[PDB]
């Protein structure tokens, strides 16, 4: 897709036996030239790079320190770890969204940073702080974290986000500011319809006429005790209603489980989906049962059946 370009690569053909610096949580990927980049949760937003998409190495971070303005939104924030970044390339500009918050609370704000290139070796490399995108406070019934931008088939950009509380949110963005359009309304598109409303990390992609909403169910961040799972639903309209393979509404716990983990990789979640031709990859993290539950990067080929539903 134009905003997540990967060129001509047959994802199904390469061997995704990842090696190197694989500690990652809430990842997203971008490719520029022949280099691959992973952005994920960590101090100032952690960055990893690879020459082939298989062998990874730490590259640094986006922000040297917590941008000043963030402190006004989340006063309690006493460390520099930013979460769940999202990235897309539009009009020659890289838009990187990130979350500023504290665990289990909804006093949060999603920020935006831009750059013309992802290669730090380029003298033009520079992440610019573009300020607040959308926020939430204790009085709101949603949480402003876990952003994801997608463009509908009409070329209009939309921002989905959310974690617990009322669930997954969706709002229309302005192409110029890449921030919520002044007259845009906040919509709720997915919820476990249960408490705790364990649903978060939305990621939307368009595929052969349908918008697929990928989300993570249950509990992350508990190492080998994690119960994280990747679920998916779809809709012909980006605003919903999203439903799973069984036809269950995603506003009532609906969602087809794509992966619930195994004996080695526990609690897989917070995914991203990217295409190249008809091929695609599922990107996420999982807690390594053999390595003290360490969050680990996973990149695997993602197939699609006749009805249009994805599978690993």
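Positions refer to the first chain, counted from 1.
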property: Between 123-131 and 99-107 (mean CA B-factor, as deposited), the higher; result: 123-131
property: Residue stretch of maximal mean CA temperature factor, 211-219 vs 172-180; result: 172-180
property: Candidate set 33, 268, 64, 254 [ranked by C-alpha B-factor, highest]; result: 64
property: Out of 279, 41, 262, 284, highest CA B-factor residue; result: 262
property: Ranked C-alpha temperature factor of residue 59 among modelled chain residues, by third; result: highest
property: Third of chain Cα B-factors occupied by residue 298; result: lowest
property: Residue 225, C-alpha B-factor rank within chain (lowest, middle or highest third); result: middle
property: CA B-factor placement of residue 236, once the chain's modelled residues are sorted into thirds; result: highest
property: Chain-relative CA temperature factor third for residue 274; result: lowest
